[PDB]
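Structure first, commentary second.
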Amino acid sequence: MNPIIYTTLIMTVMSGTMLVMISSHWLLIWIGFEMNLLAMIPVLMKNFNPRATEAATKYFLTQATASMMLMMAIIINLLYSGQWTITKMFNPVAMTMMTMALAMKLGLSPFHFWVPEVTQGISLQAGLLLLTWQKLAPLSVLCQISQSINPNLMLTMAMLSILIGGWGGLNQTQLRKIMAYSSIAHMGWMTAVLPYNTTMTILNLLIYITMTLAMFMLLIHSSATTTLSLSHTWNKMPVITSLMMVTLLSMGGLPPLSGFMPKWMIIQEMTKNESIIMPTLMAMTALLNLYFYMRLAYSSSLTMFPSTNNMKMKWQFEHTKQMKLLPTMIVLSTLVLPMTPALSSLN
Amino acid sequence: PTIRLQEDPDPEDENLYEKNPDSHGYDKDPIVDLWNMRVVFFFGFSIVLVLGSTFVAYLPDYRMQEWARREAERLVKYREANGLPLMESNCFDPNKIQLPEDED
Amino acid sequence: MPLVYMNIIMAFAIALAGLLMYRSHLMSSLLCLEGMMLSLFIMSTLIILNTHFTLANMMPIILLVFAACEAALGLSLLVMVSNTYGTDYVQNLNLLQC
Amino acid sequence: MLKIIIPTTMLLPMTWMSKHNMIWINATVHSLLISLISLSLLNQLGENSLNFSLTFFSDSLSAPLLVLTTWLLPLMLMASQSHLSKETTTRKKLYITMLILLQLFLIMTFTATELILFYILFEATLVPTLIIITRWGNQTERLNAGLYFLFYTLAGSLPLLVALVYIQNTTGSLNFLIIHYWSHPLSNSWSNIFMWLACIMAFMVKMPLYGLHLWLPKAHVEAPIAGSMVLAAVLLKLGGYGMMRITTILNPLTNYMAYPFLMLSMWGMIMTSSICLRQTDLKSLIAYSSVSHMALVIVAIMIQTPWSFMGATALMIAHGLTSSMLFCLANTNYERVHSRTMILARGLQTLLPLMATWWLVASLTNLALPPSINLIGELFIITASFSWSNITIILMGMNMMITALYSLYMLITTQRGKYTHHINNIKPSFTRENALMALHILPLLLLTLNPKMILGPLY
Amino acid sequence: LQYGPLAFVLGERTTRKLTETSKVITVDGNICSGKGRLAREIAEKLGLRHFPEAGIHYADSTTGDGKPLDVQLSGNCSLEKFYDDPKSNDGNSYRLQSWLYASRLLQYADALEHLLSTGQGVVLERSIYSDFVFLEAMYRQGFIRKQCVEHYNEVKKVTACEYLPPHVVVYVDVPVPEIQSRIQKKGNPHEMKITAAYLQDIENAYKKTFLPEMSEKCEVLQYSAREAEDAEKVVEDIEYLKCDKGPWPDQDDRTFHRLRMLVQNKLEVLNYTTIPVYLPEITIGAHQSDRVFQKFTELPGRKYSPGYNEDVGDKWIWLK
Amino acid sequence: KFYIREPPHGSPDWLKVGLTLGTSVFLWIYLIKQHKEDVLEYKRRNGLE
Amino acid sequence: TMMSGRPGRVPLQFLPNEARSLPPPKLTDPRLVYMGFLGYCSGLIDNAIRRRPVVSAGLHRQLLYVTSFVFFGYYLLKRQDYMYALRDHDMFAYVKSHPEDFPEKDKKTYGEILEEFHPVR
Amino acid sequence: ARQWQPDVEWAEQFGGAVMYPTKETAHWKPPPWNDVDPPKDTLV
Ligand SMILES: CCCCCCCCCCCCCCCCCC(=O)OC[C@H](COP(=O)([O-])OCC(O)COP(=O)([O-])OC[C@@H](COC(=O)CCCCCCCCCCCCCCCCC)OC(=O)CCCCCCCCCCCCCCCCC)OC(=O)CCCCCCCCCCCCCCCCC
Ligand SMILES: CCCCCCCCCCCCCCCCC[C@@H](O)O[C@H](CO[C@H](O)CCCCCCCCCCCCCCC)COP(=O)(O)OCC[N+](C)(C)C
Ligand SMILES: CCCCCCCCCCCCCCCCC[C@@H](O)O[C@H](CO[C@H](O)CCCCCCCCCCCCCCC)COP(=O)(O)OCC[N+](C)(C)C
Ligand SMILES: CCCCCCCC/C=C\CCCCCCCC(=O)O[C@H](COC(=O)CCCCCCC/C=C/CCCCCCCC)COP(=O)(O)OCCN
Ligand SMILES: Nc1ncnc2c1ncn2[C@@H]1O[C@H](COP(=O)(O)OP(=O)(O)O)[C@@H](O)[C@H]1O
């Protein structure tokens with residue numbers, strides 16, 4: 001793919017999500033979603049192979065169905081009130097349809113099935129865009145209509161997402177599927193606090209985006225897509241392995257690492273209004289995410305797996321293309337807990 | 001190759017007394033080992049231990065136990081001289097306590 | 001609501017179910033998507049005409065435009081799938097698992 | 001009290017900026033100096049605690065623990081510089097960094113005046129210990145041990161956080177002084193019962209309780225020497241300190257709610273004392289002895305009387321010192337023989353007389369010989385339990401006998417008898433090991449000279 | 001400006017530097033032939049850059065200084081031990097084969113990068129497309145097992161598919177008895193142990209697999225021992241060829257851009273050589289790996305980046 | 001020495017070094033001036049001095 | 001969200017003029033020091049990743065890191081302080097405006113408050 | 001004498017497509033090293 005075509009497709013994706021996030025008209029939001037999907041489909045197929053083709057096909061089918069139900073919800077809401085503005089959306093049926101459509105766009109359970117497969121099919125660079133950037137628009141639309149969200153449906157889907165991500169991540173050896181299941185669990189975590197306070201949703205989104213970015217750029221630095229391939233980089237770049245272990249610890253939610261800040265905050269926000277059982281369930285379930293992060297860390301840096309002979313040649317060559325924002329992402333992903341109160345600047 | 005790894009043979013134990021009859025068991029280099037032993041003994045037994053113990057033994061009576069004893073002597077003397085009971089059952093004045101009016 | 005609105009909504013629901021069933025082929029699901037879009041167009045234009053929303057009359061046309069894009073997109077992917085397998089069957093899209 | 005916190009954060013870069021062959025000397029010297037400085041917190045008012053600032057305060061219960069940690073770090077550094085001789089400079093510096101970070105987190109844990117900050121640091125202590133155990137262990141089981149040592153903690157402590165924030169939403173504050181002054185009784189309801197369980201279970205599993213002790217033998221066996229020292233000497237006392245700080249609000253629900261935990265603690269103390277007898281390993285025996293002593297401390301905290309609190313503090317300090325010394329003594333033999341079996345190396349008194357003397361003193365202090373502070377704490381707890389109920393003495397008495405038995409059993413198995421006839425690589429004891437033993441044992445006697453420093457705030 | 005997507009966006013293209021004289025030339029021959037001198041003469045006459053055959057320490061001459069490193073740090077294999085004891089139980093044969101294939105892959109990447117960046121052609125002495133003849137010779141003689149050749153096939157399949165075959169392949173055909181006579185007359189004490197069956201298997205694999213496969217994508221110019229000395233004749237045959245059958249005329253600017261981005265950044269070139277396949281011949285334990293890596297790091301100019309080593313006399317470090 | 005061109009040369013890229021140093025200095029003086037203006041504005045608004 | 005919709009709120013200001021009446025954070029604020037420390041850590045990690053002498057590879061790069069982190073942290077702290085001050089102001093105004101919902105209850109002394117006693121035995 | 005480190009037998013547990021292999025997933029193959037499946041011999 002030509003670099004000009006690639007950069008204009010990326011700009012079109014960003015323009016679509018900007019149009020979603022700056023529009024007060026429902027039709028313009030739908031147009032932004034359509035533009036985002038249309039310009040995102042070829043990005044997944046930048047490296048051509050049958051797996052990439054089928055991942056793009058599944059992603060397109062899921063997004064098209066979600067857009068269809070989103071437009072039906074918009075039309076019903078217009079039918080019961082001649083209003084186009086993105087607002088309360090009083091109608092329960094239209095609100096349920098919009099909630100389901102945005103859940104499928106986000107990947108929340110039980111609409112999660114497409115997330116692990118597509119991430120597996122696409123390249124790491126493509127995957128990073130899918131897991132990080134493709135969550136802003138549905139979350140923004142959800143935040144704008146959060147006051148009308150039925151708590152039962154949203155909380156049930158969030159809890160299902162957390163449970164399913166924790167259980168699915170326990171079995172995968174491929175790194176991309178592990179990242180996808182972790183993304184599902186994190187989406188559940190942020191979605192849970194949405195009906196109560198959207199500021200915590202935004203904070204969790206920012207921290208998850210930073211952590212996922214650092215994870216993916218570290219994975220790109222040591223070009224490994226499997227556990228065994230990642231077990232070799234201790235013999236080439238030990239510093240990458242150590243940073244990767246620290247980032248995995250942060251993603252697990254352990255204090256004093258930055259990853260503890262959202263969960264804690266979310267729990268606090270859910271305790272202010274008599275919700276006790278649900279945060280406890282979320283913590284005990286995120287223990288599973290911590291477990292499989294710990295297994296990855298054990299395989300990666302805390303032990304030394306056997307290496308190969310040809311690795312000696314790799315000792316003589318340096319990494320040419322260097323990512324500029326990796327150290328900043330790592331630092332913001334780990335050592336940013338003491339600046340917790342700054343979240344007040346998010347409202 | 002009837003094996004699985006190109007592994008190094010397991011090294012045998014290294015004895016610090018072989019190349020250094022007076023080793024002290026701190027390091028292979030005799031000079032740094034001797035100085036490590038000296039600083040450990042000086043800052044563990046000489047500075048921290050004895051000086052810390054003699055500093056703890058002479059801490060000022062901030063726990064107020066000699067003061068409590070003197071106060072007790074004065075109060076006992078006064079109360080016994082005036083014939084008052086040595087100790088009063090009520091810790092606070094009943095006049096400042098307002099019980100509920102009735103229990104029916 | 002009159003019977004026309006409910007008939008259009010039932011048509012949309014039928015098209016959605018047909019898309020979600022996925023019998024054997026891929027062109028059938030694209031046809032189901034196009035049918036869902038047609039039902040949405042009809043519902044939107046009926047609602048717009050009934051309430052005399054003058055400015056909203058161009059809303060359906062824009063709808064149709066993006067419909068074409070979706071169709072084109074799907075067709076493109078279908079072609080690639082065929083060129084990989086010689087058949088547009090959905091059974092062949094199983095290289096990636098959960 | 002930043003005059004103690006800052007020197008640790010300066011120990012970090014100077015360790016990272018030292019020469020390749022001078023890291024141990026600098027670390028040991030400056031850790032000893034920091035311990036000497038921290039020895040100044042023992043001057044405690046009898047009225048209230050020392051409140052340095054809005055975040056850090058020191059009580060009569062916090063000061064002995066702080067002194068113990070600051071004294072512990074040099075001993076761990078001395079014990080760690082034997083099996084790390086073949087390591088590279090960067091990994092040695094990383095090991096020292098883990099030790100320094102653990103000490104810093106413990107120091108900031110023992111003096112945090114707010115419960116959420118205390119929880120944050122009490123959980124931040126998990127990362128360095130886990131890294132040490134799973135990176136610098138020796139056997140293949142260490143990974144499994146680490147997993148246990150993590151989850152057995154977290155599953156018990158994640159609910160506590162919720163309870164904590166819930167309290168902050170009800171009372172309005174989590175500061176310890178405000179919590180103590182504005183404390184109100186808890187009514188008998190299922191909600192309050194589960195609040196009690198959430199507040200208690202984390203510190204119960206950190207002791208650990210008899211039913212939740214399965215992680216302790218694994219963690220203490222597969223860890224390196226310094227990890228075992230820090231786990232058995234200070235990291236166990238976190239649960240006791242947390243319970244002693246948190247039981248203020250739990251009244252009066254504690255009197256009803258303490259029966260299952262008291263029963264478990266007593267019967268598990270008996271069971272672990274009995275288990276110590278039929279042990280083929282050497283470190284597992286010390287681990288189970290630690291479990292028994294911590295069960296006694298749990299009983300003391302649960303009955304909630306001033307004599308019980310004094311005995312609990314004394315027993316905590318004494319057990320920390322004694323278990324550290326025992327682990328070091330076992331590690332010396334392990335380095336000699338490269339095996340953990342107890343009956344492998346026998347009759348070591350005829351080959352290592354001074355080490356035999358150290359073994360005898362450690363075993364004597366382990367079985368609560370008078371007038372050592374071990375017996376002081378044990379006897380105070382026993383008297384408090386007897387006041388609680390006259391039958392408890394039976395169980396306590398039983399434990400005492402069993403304790404002595406297994407202690408002497410170990411002292412007889414490894415030191416007395418005849419040598420194994422085929423271990424010819426038992427070199428004479430180095431000066432470092434003897435110095436470590438002396439620095440472990442002398443503070444115990446110096447403290448039994450002046451016990452009021454380690455009797456806690458109820459004195 | 002280092003080549004990249006931006007440099008491709010404005011200005012620099014690849015097809016505008018090819019002057020019809022790129023002609024990636026690969027010279028092939030059996031053991032102890034005149035292929036080396038023929039390659040040098042062809043490079044001199046045609047004005048192309050000569051690439052000597054990739055040895056065990058080829059990668060050492062591209063990084064740091066050209067001085068080769070110790071055999072423990074680079075290679076971990078020797079040709080003399082393979083000749084003396086081909087059936088050794090330490091897995092030296094396949095370790096040497098895999099290391100040589102990786103070195104040839106690196107050399108091919110270097111040659112392609114030079115041709116794409118400059119436009120001047122290259123003349124190689126043996127390519128990755130003809131490295132399998134030695135593998136088949138070892139396998140048929142029982143020197144290596146079948147799992148070794150399976151691992152080699154997997155690595156070749158995942159690596160060699162990203163590059164373009166040479167424009168023209170030149171083969172020097174020499175009979176086995178003449179090869180044996182030249183080996184005996186050479187004088188190296190180790191090469192006298194090469195059995196006749198090994199050379200026969202090499203030439204059989206060549207003539208049966210390499211040339212028929214290359215004839216479908218390139219132009220093959222077979223020669224003999226007698227006609228391999230007059231390099232002017234072979235140069236005339238090379239310059240009077242018809243290059244219209246290979247994929248080279250079917251390359252667009254985007255394909256050349258992708259290939260140029262791939263040939264540089266040698267880490268991506270060597271990525272798939274160290275696949276996590278655990279063969280006893282090539283797998284190395286954790287302890288030995290750690291020891292050898294620590295030994296390699298302590299080299300005078302290998303601790304830091306090639307510009308941040310004060311040991312080798314680099315200055316102004318604190319401002320770079 | 002190095003047989004390769006060593007893109008990081010024996011002397012630093014003085015253009016980038018100058019740009020970075022100038023950016024740091026400009027940011028520092030901008031922060032100083034902004035803080036001075038902010039404290040003056042706060043004092044004027046609150047009428048302290 | 002509670003403060004997203006507020007009367008007289010310019011959408012993308014990030015620092016309303018009304019915020020200029022609050023005292024600016026001192027340049028030696030501990031949070032600014034922590035931001036500078038974060039910048040230094042990021043610079044050290046950058047040096048480590050590129051395989052350079054970690055402590056003293058590039059002084060200008062580390063200086064730029066620290067300066068950028070401090071520069072962003074100053075305005076972040078200003079906005080955070082403004083937001084907290086606005087929250088406090090709104091809470092006090094609403095409490096004053098609705099006296100019936102926040103009444104002044106009686107002030108009883110412990111001499112007349114009857115608290116049931118729980119013996120420990 | 002030395003700290004235990006993983007060997008080939010310990011490493012091969014993380015080589016399959018998924019962990020915890022059941023009978024149904026025992027025939028699942030790991031993906032190719034490069035994410036390119038071999039072309040199928042589709043007779044058209
Ligand atoms: C609360 C208080 C503060 C605490 C906050 C946390 C600590 C501080 C912040 C952390 C970030 C800053 C530094 C991190 C980046 C450094 C990268 C690095 O690798 O360092 C190597 C580097 C040595 O490399 P070299 O000298 O270039 O030559 C040797 C080669 O590099 C040869 O290198 P190599 O690659 O061949 O060595 C192999 C090694 C290479 O791998 C590594 O070295 C590991 C790198 C560390 C991981 C980075 C994590 C990112 C930050 C997150 C921290 C989490 C904190 C929460 C607590 C949980 C801890 C996990 O890999 C292994 O050995 C694998 C073993 C597996 C161990 C698993 C543990 C890994 C995680 C440990 C993290 C601990 C926290 C960081 C402590 C500082 C570490 C430098 O260390 C240094 O020399 C710099 C260290 C810092 C310098 C401080 C000096 C300050 C200014 C001096 C004067 C002081 C004031 C004067 C004024 C006085 C008034 C007059
Ligand atoms: C090898 C050879 C052995 C045999 C040879 C021995 C030679 C003779 C030595 C034996 C001496 C006999 C002992 C007789 C007792 C004399 C000393 C005693 O009387 O002093 C005590 C003093 O004891 C000290 O208080 C001990 C303090 C404990 C020191 C702490 C350890 C140092 C810190 C190191 C780290 C340890 C961490 C522990 C965590 C808490 C009494 O204290 P107290 O009567 O009331 O106060 C007196 C001063 N006043 C009245 C002005 C107030
Ligand atoms: C976890 C680390 C995250 C770091 C994020 C990246 C940091 C560097 C990026 C540079 C920051 C500049 C971005 C914005 C500056 C100018 C734009 C400004 O106008 O935005 C306004 C205000 O700016 C943003 O709102 C806040 C930006 C502040 C980001 C910091 C929050 C980080 C979380 C706290 C953890 C501590 C992190 C420390 C970082 C070093 C928007 O106001 P408004 O139109 O009304 O919002 C509508 C949407 N709402 C109400 C629902 C929110
Ligand atoms: C090593 C493993 C150890 C595991 C220990 C885990 C068990 C910890 C004990 C339970 C923890 C959860 C309790 C909740 C936290 C306290 C919060 C609270 O007190 O709020 C209660 C709410 O209490 C609850 O909802 C608790 C529900 C419990 C759900 C999760 C059950 C977990 C397992 C139950 C048994 C565990 C106890 C024994 C375990 C022993 C160890 C094996 C009051 O509700 P309000 O909203 O204020 O309304 C009251 C006025 N109308
Ligand atoms: N893949 C390989 N396996 C084993 N040996 C190889 C391989 N590739 C090259 N060699 C060795 O390289 C040596 C030199 O190559 P050759 O062309 O025969 O000699 P010369 O350089 O004099 O022309 C040969 O002895 C050959 O065995």
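Following the order of the structure tokens, chains are lettered A, B, ..., residues in each are numbered from 1, and ligands are numbered from 1.
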Quick one: which residues from chain E are at most 6 Å off chain B, using only C-alpha atoms, as a CSV table (one decimal) with N, CA, C and O atoms, in the first residue's frame?
chain,number,residue,atom,x,y,z
E,89,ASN,N,28.4,-36.1,17.6
E,89,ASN,CA,27.2,-36.1,18.4
E,89,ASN,C,26.8,-34.8,19.1
E,89,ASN,O,25.9,-34.8,19.9
E,90,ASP,N,27.6,-33.8,18.8
E,90,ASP,CA,27.3,-32.4,19.4
E,90,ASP,C,26.5,-31.6,18.4
E,90,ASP,O,26.2,-30.4,18.8
E,280,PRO,N,18.0,-30.3,19.3
E,280,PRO,CA,19.2,-30.4,20.1
E,280,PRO,C,20.4,-29.9,19.5
E,280,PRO,O,21.3,-29.4,20.3
E,283,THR,N,19.5,-25.7,19.7
E,283,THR,CA,19.0,-25.2,21.0
E,283,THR,C,20.2,-25.1,22.0
E,283,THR,O,21.0,-26.0,22.1
E,284,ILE,N,20.2,-24.0,22.7
E,284,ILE,CA,21.2,-23.7,23.7
E,284,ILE,C,20.6,-23.4,25.0
E,284,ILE,O,19.6,-22.6,25.1
E,285,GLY,N,21.1,-24.0,26.1
E,285,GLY,CA,20.6,-23.8,27.4
E,285,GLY,C,20.6,-22.4,27.9
E,285,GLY,O,21.4,-21.5,27.4
E,288,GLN,N,24.3,-21.4,29.5
E,288,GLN,CA,25.3,-21.1,28.5
E,288,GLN,C,24.9,-19.9,27.7
E,288,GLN,O,25.8,-19.1,27.3
Problem set entry | 8 Å contacts from chain G to chain A using only C-alpha atoms, as a VMD selection string | chain G and resid 1 to 4 31 38 41 to 43 45 to 46 48 to 50 76 to 77 79 to 80 83 to 84
Problem set entry | Neighbour list for residue 100 in chain B as a list in words, cut-off 9 Å, only C-alpha atoms, skip fewer than 3 positions in-chain |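 Surrounding residues, per the criterion: residues 103 of chain B; 112 and 114 of chain G.
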For this session: With a distance threshold of 9 Å and counting only C-alpha atoms, extract the residues of chain E near chain A and express them as a ChimeraX atom specification.
Result: /E:5-6,8-9,59-60,62-64,73-76,95,98-99,102-103,254-255,258,264-268,270-271,273-279,281-287,289-290,292-293,296-297,302,305-306
For this session: Quick one: everything within 12 Å of residue 66 in chain C, counting only C-alpha atoms, minus sequence neighbours fewer than 3 positions away in the same chain. Send it as a list in words.
Result: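 Listing them by chain and then by number gives residues 27, 28, 30, 31, 32, 33, 34, 35, 36, 37, 38, 64, 67, 68 and 71 of chain A; 34, 37, 38, 41, 59, 60, 61, 62, 63, 69, 70, 71, 72 and 73 of chain C.
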Please produce a file of those selected residues containing C-alpha atoms, as an mmCIF file, in the first residue's frame.
data_model
loop_
_atom_site.group_PDB
_atom_site.id
_atom_site.type_symbol
_atom_site.label_atom_id
_atom_site.label_comp_id
_atom_site.auth_asym_id
_atom_site.auth_seq_id
_atom_site.Cartn_x
_atom_site.Cartn_y
_atom_site.Cartn_z
ATOM 1 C CA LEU A 27 -27.257 11.433 11.433
ATOM 2 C CA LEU A 28 -23.801 13.019 11.557
ATOM 3 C CA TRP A 30 -23.950 7.674 12.106
ATOM 4 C CA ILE A 31 -22.064 9.165 9.145
ATOM 5 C CA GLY A 32 -18.919 9.326 11.264
ATOM 6 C CA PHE A 33 -19.324 5.678 12.246
ATOM 7 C CA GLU A 34 -19.751 4.710 8.587
ATOM 8 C CA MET A 35 -16.676 6.700 7.553
ATOM 9 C CA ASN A 36 -14.632 5.145 10.364
ATOM 10 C CA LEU A 37 -15.582 1.603 9.346
ATOM 11 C CA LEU A 38 -15.080 2.262 5.625
ATOM 12 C CA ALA A 64 -22.396 -3.306 9.553
ATOM 13 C CA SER A 67 -24.641 0.297 12.368
ATOM 14 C CA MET A 68 -27.939 -1.130 11.109
ATOM 15 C CA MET A 71 -29.782 3.577 12.675
ATOM 16 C CA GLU C 34 -29.347 -4.247 1.733
ATOM 17 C CA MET C 37 -31.159 -0.633 4.653
ATOM 18 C CA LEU C 38 -34.189 -0.471 2.348
ATOM 19 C CA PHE C 41 -35.041 4.090 4.221
ATOM 20 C CA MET C 59 -31.743 12.677 5.269
ATOM 21 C CA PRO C 60 -32.855 9.466 3.476
ATOM 22 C CA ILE C 61 -30.765 10.214 0.370
ATOM 23 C CA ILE C 62 -27.571 10.454 2.422
ATOM 24 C CA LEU C 63 -28.619 7.146 3.979
ATOM 25 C CA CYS C 69 -20.547 2.200 0.217
ATOM 26 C CA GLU C 70 -21.417 -0.666 2.552
ATOM 27 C CA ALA C 71 -22.524 -2.803 -0.381
ATOM 28 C CA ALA C 72 -19.359 -1.981 -2.306
ATOM 29 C CA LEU C 73 -17.252 -2.775 0.747
#
Problem set entry | Residues within 6 Å of ligand 5, counting only C-alpha atoms and all ligand atoms, as a VMD selection string | chain E and resid 31 to 33 36 97 100 131 134
Problem set entry | Selection: 8 Å around range 26-31 of chain B, only C-alpha atoms, excl. self and same-chain fewer than 2 positions, as a list in words |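 Returned residues: residues 16, 20, 23, 24, 33, 34, 35, 36 and 37 of chain B; 81, 82, 85 and 432 of chain D.
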For this session: Fewer than 5 positions away in the same chain doesn't count, so skip those; otherwise give me all residues within 12 Å of residue 58 in chain B, counting only C-alpha atoms, as a PyMOL selection string.
Result: (chain B and resi 51-53) or (chain D and resi 40+42-43+450)
Exercise. Which residues come within 7 Å of range 29-40 of chain F, counting only C-alpha atoms, excluding same-chain residues fewer than 4 positions away, as a VMD selection string?
Worked result: (chain F and resid 25 44) or (chain G and resid 20 23 to 24 71)
Export, as a CSV table (one decimal), in the first residue's frame, the selected residues with N, CA and C atoms.
chain,number,residue,atom,x,y,z
F,25,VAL,N,15.3,26.2,27.0
F,25,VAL,CA,15.4,27.6,27.5
F,25,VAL,C,14.2,28.4,27.3
F,44,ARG,N,-3.5,41.3,42.4
F,44,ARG,CA,-4.4,42.4,42.0
F,44,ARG,C,-5.8,42.1,42.2
G,20,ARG,N,-8.2,32.9,37.2
G,20,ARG,CA,-7.1,33.8,37.5
G,20,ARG,C,-7.1,34.4,38.9
G,23,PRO,N,-4.7,31.5,43.7
G,23,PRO,CA,-3.2,31.6,43.8
G,23,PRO,C,-2.6,30.5,42.9
G,24,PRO,N,-1.6,30.9,42.1
G,24,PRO,CA,-1.0,29.9,41.2
G,24,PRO,C,-0.1,29.0,42.1
G,71,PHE,N,6.5,21.8,32.4
G,71,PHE,CA,5.6,22.7,31.7
G,71,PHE,C,4.2,22.3,31.7
For this session: Please give the complete set of residues from chain F that DSSP, run on the backbone, assigns to helix (DSSP H, G or I), formatted as a ChimeraX atom specification.
Result: /F:14-46
For this session: With a distance threshold of 6 Å and counting only C-alpha atoms, extract the residues of chain E near chain F and express them as a list in words.
Result: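 Selected residues: residues 64, 65, 307, 312 and 320 of chain E.
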For this session: For CA of residue 162 in chain D and CA of residue 273 in chain A, determine how far apart the two atoms are, in Å to one decimal place.
Result: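 Going from CA of residue 162 in chain D over to CA of residue 273 in chain A covers 12.9 Å.
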Problem set entry | At most 9 Å to chain G: residues in chain E, only C-alpha atoms, as a VMD selection string | chain E and resid 303 to 305 307 to 309 317 to 320
Would you mind exporting the chosen residues as a PDB file, in the first residue's frame, restricted to N, CA and C atoms?
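Output saved as result21.pdb:
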ATOM      1  N   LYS E 303      29.301  -3.001  23.794  1.00  0.00           N
ATOM      2  CA  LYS E 303      28.464  -2.772  24.967  1.00  0.00           C
ATOM      3  C   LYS E 303      27.279  -1.869  24.645  1.00  0.00           C
ATOM      4  N   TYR E 304      27.515  -0.791  23.907  1.00  0.00           N
ATOM      5  CA  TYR E 304      26.500   0.212  23.619  1.00  0.00           C
ATOM      6  C   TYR E 304      26.275   0.309  22.111  1.00  0.00           C
ATOM      7  N   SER E 305      25.523   1.335  21.709  1.00  0.00           N
ATOM      8  CA  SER E 305      25.266   1.581  20.303  1.00  0.00           C
ATOM      9  C   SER E 305      26.575   1.907  19.584  1.00  0.00           C
ATOM     10  N   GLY E 307      27.801   4.206  18.221  1.00  0.00           N
ATOM     11  CA  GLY E 307      28.309   5.560  18.302  1.00  0.00           C
ATOM     12  C   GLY E 307      28.491   6.065  19.718  1.00  0.00           C
ATOM     13  N   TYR E 308      28.173   5.231  20.703  1.00  0.00           N
ATOM     14  CA  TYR E 308      28.196   5.619  22.108  1.00  0.00           C
ATOM     15  C   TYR E 308      29.145   4.740  22.914  1.00  0.00           C
ATOM     16  N   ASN E 309      30.273   4.365  22.321  1.00  0.00           N
ATOM     17  CA  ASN E 309      31.266   3.517  22.976  1.00  0.00           C
ATOM     18  C   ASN E 309      32.530   4.335  23.214  1.00  0.00           C
ATOM     19  N   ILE E 317      30.074  12.219  23.847  1.00  0.00           N
ATOM     20  CA  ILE E 317      28.963  11.308  24.113  1.00  0.00           C
ATOM     21  C   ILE E 317      27.815  12.052  24.779  1.00  0.00           C
ATOM     22  N   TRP E 318      28.127  12.878  25.779  1.00  0.00           N
ATOM     23  CA  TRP E 318      27.108  13.536  26.591  1.00  0.00           C
ATOM     24  C   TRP E 318      26.303  14.579  25.825  1.00  0.00           C
ATOM     25  N   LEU E 319      26.566  14.782  24.534  1.00  0.00           N
ATOM     26  CA  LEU E 319      25.778  15.697  23.724  1.00  0.00           C
ATOM     27  C   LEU E 319      25.177  15.045  22.488  1.00  0.00           C
ATOM     28  N   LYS E 320      25.338  13.739  22.313  1.00  0.00           N
ATOM     29  CA  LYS E 320      24.767  13.049  21.165  1.00  0.00           C
ATOM     30  C   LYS E 320      23.304  12.702  21.414  1.00  0.00           C
TER      31      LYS E 320
END
Problem set entry | Given 6 Å and only C-alpha atoms and all ligand atoms, residues near ligand 2 as an NGL selection string | (:B and (49 or 52-53 or 56-58)) or (:D and (64 or 67-68 or 71 or 443 or 446-447 or 449-450))
Problem set entry | d(CA of residue 91 in chain E, CA of residue 139 in chain D) in Å |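 Spanning CA of residue 91 in chain E to CA of residue 139 in chain D is a straight-line distance of 29.4 Å.
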